[PDB]
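Residue strings, one per chain:
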Amino acid sequence: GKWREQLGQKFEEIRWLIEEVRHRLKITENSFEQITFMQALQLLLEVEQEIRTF
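Numbers given for residues start from 1 on each chain and follow the written sequence, which can depart from the numbering in the entry; residues without coordinates are excluded. Note that water and hydrogens are dropped before the side-chain values are worked out from all heavy atoms of the structure.

The deposited coordinates derive from X-ray crystallography, with the record listing a resolution of 2.60 Å.

Caption draft 1: Structural view of the overall build of the protein chain. From N to C terminus, the protein chain includes 2 helices and 0 strands. As a reference, a globule follows 2.2 Å times the number of residues to the power 0.38, and the radius of gyration itself is taken over C-alpha atoms. Here the C-alpha atoms of the protein chain give a radius of gyration of 13 Å, more than 25% beyond the 10 Å that 2.2 N^0.38 yields for 54 residues. Its C-alpha atoms give the protein chain principal-axis dimensions of roughly 40 × 20 × 10 Å. Summary of the burial criterion: residues with accessible area below 20% of their type's maximum are buried, those above 50% are exposed, and those between are partly exposed, where the area comes from a 1.4 Å probe applied to protein chains only. Across the 54 residues in the protein chain, those meeting the buried criterion constitute 20%. Every accessible area reported is derived by Shrake-Rupley at a probe size of 1.4 Å, with residue values counting cover from the shown protein chains alone. Surface exposure of the protein chain reaches about 4800 Å², of which carbon and sulfur atoms provide 59%. Charged-residue counts in this description rest on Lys and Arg as positive and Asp and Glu as negative, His and the chain ends being excluded. Charged groups are reduced to one reference atom each: NZ for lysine, CZ for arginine, CG for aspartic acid, CD for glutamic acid. Charge centroids of the protein chain, computed over 8 positive and 10 negative side chains, lie 4 Å from each other. By the criteria applied, helices consist of DSSP H or I runs no shorter than four residues and strands consist of E runs no shorter than two, each listed in order from the N terminus.

Caption draft 2: Representation of the pattern of salt bridges in the model. Take a side-chain nitrogen of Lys or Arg and a carboxyl oxygen of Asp or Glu: if they are within 4 Å of each other, that pair is a salt bridge. In the structure shown here, the tally under the stated rule is 2 salt bridges. The residue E48 makes a salt bridge to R15 at a minimum N-O spacing of 2.8 Å. With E48 in helix α2 (residues 32–53) and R15 in helix α1 (residues 2–23), the pair connects residues that are 33 residues apart, well separated along the chain. Residue classification places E48 among the buried positions, given a relative accessible area of 16%. Here the salt bridges do not stand alone but share partners, grouping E12, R15 and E48 into one network.

This is the structure:
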């Protein structure tokens, strides 16, 4: 139904803007910064799965 589908589109767009700002950075694999981006991306995928599964 329409509400879920519109949320899921907003989640995809949030994730996409986050990937783009991460893509412009040149940072190391154990930077607090890298660790923080991974953790946000993961939390964001998990939340989008949960909306799908409600």
